[PDB]
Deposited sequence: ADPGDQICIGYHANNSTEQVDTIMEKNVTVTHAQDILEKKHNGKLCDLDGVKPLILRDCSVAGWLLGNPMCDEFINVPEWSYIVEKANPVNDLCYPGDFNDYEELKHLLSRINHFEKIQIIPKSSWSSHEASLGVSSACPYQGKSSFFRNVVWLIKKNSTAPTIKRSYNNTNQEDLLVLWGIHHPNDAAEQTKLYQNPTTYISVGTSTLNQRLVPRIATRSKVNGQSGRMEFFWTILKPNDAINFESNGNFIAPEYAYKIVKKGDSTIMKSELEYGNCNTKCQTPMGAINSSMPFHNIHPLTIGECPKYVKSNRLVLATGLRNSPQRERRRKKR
């Protein structure tokens, strides 16, 4: 006699012409398993913000605590500590994308608080030590001696790397609040760079209180080339920089939204439900992945028939 193998096999596969078939041995090509925790991407730990936005951690929000390299960034769905003093960030998403993967990141003091001496400024909206405070990395310039003058200061990048500068303007609630803070009625901020040429003006408008504050503060940013110089000149609505960040950019990634927490591991593929360790060509874990991953498919079973049919 001439025959073929047969065993007690329960795995079932499907044929383009047969609905339901039993088979000796079957192999699955659809990865359905994850480890449920974040890992490193190609051996690089990611930058995780527990309850902090990219703007809250970049600026000096006291709620967030004070790493030179990360493959990607994780922040919660809605971080509870964005801007303690309400406002908006200009080109915030392009800045986030720019910072999603950084090879070298280092905070540097460029123009200390000592050099700003118009006086500083503080609000109860940003509590640091139970007492009213402001952002750690930027300074709020308020008039001193009841006379606001012109503030002219410049910084020149002397480092071998690019550095990122942040600054902003304060939009007071009414015309009276400005004169109290900034004696000049009409006021400007002029920032100068070989690339950048902008001039900011406050916009007095009645607004609703956010975090007990009706005024707003709007931030801007540029990249200062290794031998260029940035020039500030303000009649007195200035939120001036005190710290900067040396940046070495070698690759790009994205910002990841996940409520998970870190586990000491490593992976080639990341998922907000946990990293993946698979060489298979397909998966149905999540669409939002970072790194080299299998292709996302909407299916439950992708099983081939390695052995002959058995009944």
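Note: segments 1-7, 74-76, 128-130, 325-334 of the deposited sequence have no C-alpha coordinates in the structure.
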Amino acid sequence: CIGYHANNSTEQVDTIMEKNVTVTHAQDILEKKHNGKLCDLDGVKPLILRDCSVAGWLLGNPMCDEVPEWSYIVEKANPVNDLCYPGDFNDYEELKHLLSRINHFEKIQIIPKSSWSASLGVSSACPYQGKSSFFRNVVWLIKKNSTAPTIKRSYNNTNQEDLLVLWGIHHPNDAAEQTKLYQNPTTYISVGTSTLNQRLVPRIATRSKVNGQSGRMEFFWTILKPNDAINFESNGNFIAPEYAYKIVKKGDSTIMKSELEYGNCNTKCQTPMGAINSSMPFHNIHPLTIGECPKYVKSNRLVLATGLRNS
From here on, numbers count along this sequence of modelled residues.
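For the pair 186-194 and 73-81, the mean Cα B-factor is higher in 73-81.
Averaged over Cα atoms, the B-factor as recorded in the entry is higher for 146-154 than for the other of 228-236 and 146-154.
The PDB entry gives the largest Cα B-factor of the residues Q129, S208, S100, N159 to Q129. Per the PDB entry, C39 shows the highest C-alpha temperature factor of the residues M256, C39, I48, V54.
When the modelled residues of the chain are ordered by their C-alpha B factor, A244 lands in the lowest third. When all modelled residues of the chain are sorted by CA temperature factor, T15 is found within the middle third. Among all modelled residues in this chain, the alpha-carbon of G43 has a temperature factor (C-alpha) in the highest third. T267: CA B factor lies in the middle third for its chain, per the PDB record. Ranked within its chain, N300 lands in the highest third, by CA B factor from the PDB record.
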